[PDB]
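Chain A is the first sequence line, chain B the second, and so forth, proteins listed ahead of strands; every chain is numbered from 1. Computation of the quantities below employed the complete heavy-atom set of this structure, encompassing side-chain atoms and omitting hydrogens, waters and symmetry-equivalent molecules.
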Amino acid sequence: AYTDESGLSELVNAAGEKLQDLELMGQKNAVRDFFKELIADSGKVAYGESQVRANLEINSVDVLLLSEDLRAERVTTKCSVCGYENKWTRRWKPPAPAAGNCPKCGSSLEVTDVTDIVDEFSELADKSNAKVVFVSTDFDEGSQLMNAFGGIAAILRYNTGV
Amino acid sequence: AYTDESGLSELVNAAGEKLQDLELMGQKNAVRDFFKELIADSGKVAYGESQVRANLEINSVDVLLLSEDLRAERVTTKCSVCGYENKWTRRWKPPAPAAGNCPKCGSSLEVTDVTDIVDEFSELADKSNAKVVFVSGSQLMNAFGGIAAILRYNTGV
Ligand SMILES: [Zn+2]
Ligand SMILES: [Zn+2]
């Protein structure tokens, strides 16, 4: 009378849990494949916000790895008169990012967009047909991902050396 | 190599959304009906751990409401000697209770059981075939303590 009884909940419920376990199977093997590419050197890996960003901007990323714990936004700012601009990543916490003055012409800067980092990197991934994988902060692999590698890694299609 | 590109996920994950959509309307069905009973009869609903357990024990609960945000443990200490026994409830946090000695014979009391409140009340509800609903809504967890019941009849309990 107030909750399912025909047992479709239990059915739909069933598949759902199995799929999750498939997820973590994919998330594990993926971190591991990043590791296996890293060890074998190759120069076919990359990790950290700055290093992984530049590869995405040249479509070199085969597989993109992001921790389920990434708490950080990318802030773009632009000068209201001259062509000055800058971007940078700030860890989000409870107001909003500010815009001071132009170090070029002294005019007031203004923030033109804020985007969580996981957004920007998925937009670029999608762009270059990179595969997008997420990694919960549970299994050690997915833990180290955030601990060491800034919670952003990647297996590359080729060695940019970058 | 790392995901479900069969479309299977998309469907089930989505079907799991449609059915969660529904389960929630139902939980509003149940809380609304409890409050309506409370309004034509203050004796045909129950609320609170005390009145509700008393009513389930006597199989007079038509429908039972349990707040998902309920952290509590029912302790049972018996005397290792005389037939003494008590039952108290303890709000949940990160330990396990101890008994001490007996007010009757002075022997050692032992905690013979700890059972999740939701568990006991559930078993209690399975023997009378009462319909069990978990509510998260928060007017339950707060205004009444996350335990409430729509009786099948007025019990004076
Ligand atoms: Zn300027
Ligand atoms: Zn005793």
Flag yes if more than 12 heavy atoms outside B/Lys78 fall under 6.0 Å of its NZ atom; otherwise flag no. no
Which is it for A/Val63 and A/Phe34 under the side chain to side chain contact (heavy atoms under 4.5 Å, CB included) test, yes or no, and what are the steps along the way? CA-CA 9 Å; A/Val63 181; A/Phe34 161 69; over 6 Å; no
Check: B/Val157 and B/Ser60 side chains under 4.5 Å, non-hydrogen atoms: no
Salt-bridge contact A/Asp21-A/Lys18 (side-chain N to carboxylate O under 4.0 Å): no
So that I can tick it off, tell me whether B/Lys87 and B/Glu85 are bridged by a salt bridge, with the cut-off set at under 4.0 angstrom between side-chain N and carboxylate O. no
When hydrophobic residues are tied together by side-chain contacts of less than 4.5 Å, even through go-betweens, does A/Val31 share a cluster with A/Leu24? yes
Check whether any side-chain heavy atom of B/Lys104 lies under 4.5 Å from a side-chain heavy atom of B/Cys79, and answer yes or no. no
Quick one: does A/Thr76's side chain have a donor or acceptor within less than 3.5 Å of a partner on A/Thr112's backbone? no
A/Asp4 (side chain) donor-acceptor with A/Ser6 (main chain) under 3.5 angstrom: yes
Is there a donor-acceptor pair under 3.5 Å between the side chain of B/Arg152 and the backbone N or O of B/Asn59? yes
Please tell me if the side chains of B/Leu64 and B/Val133 come closer than 4.5 Å, counting only heavy atoms from C-beta onward. no
Min side-chain heavy-atom separation A/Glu141-A/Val135 under 4.5 Å: no
Where do A/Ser122 and A/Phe134 come nearest, in terms of heavy atoms and distance? OG-CZ, 4.4 Å
Whether the A/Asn86 and A/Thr77 side chains hold a donor-acceptor pair (N or O, under 3.5 Å, no angle test) is what I'd like checked. yes
Keeping the roles fixed (side chain from B/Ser80, backbone from B/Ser108), state whether a donor-acceptor pair exists under 3.5 Å. yes
Is A/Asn55 close to A/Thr160 at the side-chain level, that is, under 4.5 Å between some pair of heavy atoms? yes
Rounded distance (nearest 0.5 Å) linking atom CG of B/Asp119 with atom CG of B/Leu124: 11.0 Å
Approximate separation, where rounding is to 0.5 Å, of B/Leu56 CG and B/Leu151 CG: 9.0 Å
Are any of the side-chain heavy atoms of B/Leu109 and B/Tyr84 separated by less than 4.5 Å? yes
Can you find a side-chain donor-acceptor pair between B/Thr115 and B/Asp113 that sits under 3.5 Å? yes
Counting distance only, does the side-chain N/O of A/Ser67 pair as donor-acceptor with the main-chain N or O of A/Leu145 below 3.5 Å? no
Please report the interatomic distance CZ(B/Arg74) to CH2(B/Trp88), rounded to the nearest 0.5 Å. 10.5 Å
Would you confirm whether B/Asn13, through its side chain, and B/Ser9, through its main-chain N or O, come within 3.5 Å as a donor-acceptor pair? no
Between B/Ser128 and B/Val61, is a side chain to side chain contact (heavy atoms under 4.5 Å, CB included) present by the stated rule, with each step listed? CA-CA 8 Å; B/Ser128 20; B/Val61 165; over 6 Å; no
Do B/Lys36 and B/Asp33 have side chains that approach each other closer than 4.5 Å (heavy atoms only, starting at C-beta)? yes
Check for a donor-acceptor pair, side chain of B/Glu23 on one end and backbone N or O of B/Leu19 on the other, with a separation under 3.5 Å. no
Minimal heavy-atom distance between B/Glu73 and B/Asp116, with the atoms involved, is CG-CA, 4.5 Å
Does any non-hydrogen side-chain atom of B/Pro97 lie less than 4.5 Å from one of B/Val114? yes
Run through A/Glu49, A/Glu57, A/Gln51 and flag the one making a side-chain hydrogen bond (donor to acceptor under 3.5 Å, both in side chains) with A/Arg53. A/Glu49
Might you point out which heavy atoms bring A/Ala154 and A/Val52 nearest each other, and give the distance in Å? CB-CG2, 4.0 Å
Within the distance-only criterion (no hydrogens, no angle test), does the side chain of B/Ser136 pair as donor or acceptor with the backbone N or O of B/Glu68 below 3.5 angstrom? no
B/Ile147/B/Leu70 under side chain to side chain contact (heavy atoms under 4.5 Å, CB included): CA gap, chis, key distance, verdict: CA-CA 9 Å; B/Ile147 300 186; B/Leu70 276 168; 4.2 Å; yes
If you count every heavy atom of other residues, nucleotides or ligands that lies below 6.0 Å from B/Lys44 atom NZ, does the total exceed 12? yes
Between CD1 of A/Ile155 and OH of A/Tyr47, what distance do you get to the nearest 0.5 Å? 13.5 Å
From CZ (B/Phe134) to CG (B/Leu66), nearest 0.5 Å: 5.0 Å
Charged N to carboxylate O under 4.0 angstrom, A/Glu5 versus B/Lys131? no
Indicate if A/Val132 and A/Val118 have the same hydrophobic cluster label, given that clusters are the connected sets of ILVMFWY residues with side-chain heavy-atom separations under 4.5 angstrom. yes
Does B/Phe144 form a side chain to side chain contact (heavy atoms under 4.5 Å, CB included) with B/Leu38? I'd like the steps, not just the answer. CA-CA 12 Å; B/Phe144 317 84; B/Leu38 187 46; 3.9 Å; yes
Please report the interatomic distance OG1(A/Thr137) to CE(A/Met146), rounded to the nearest 0.5 Å. 8.0 Å
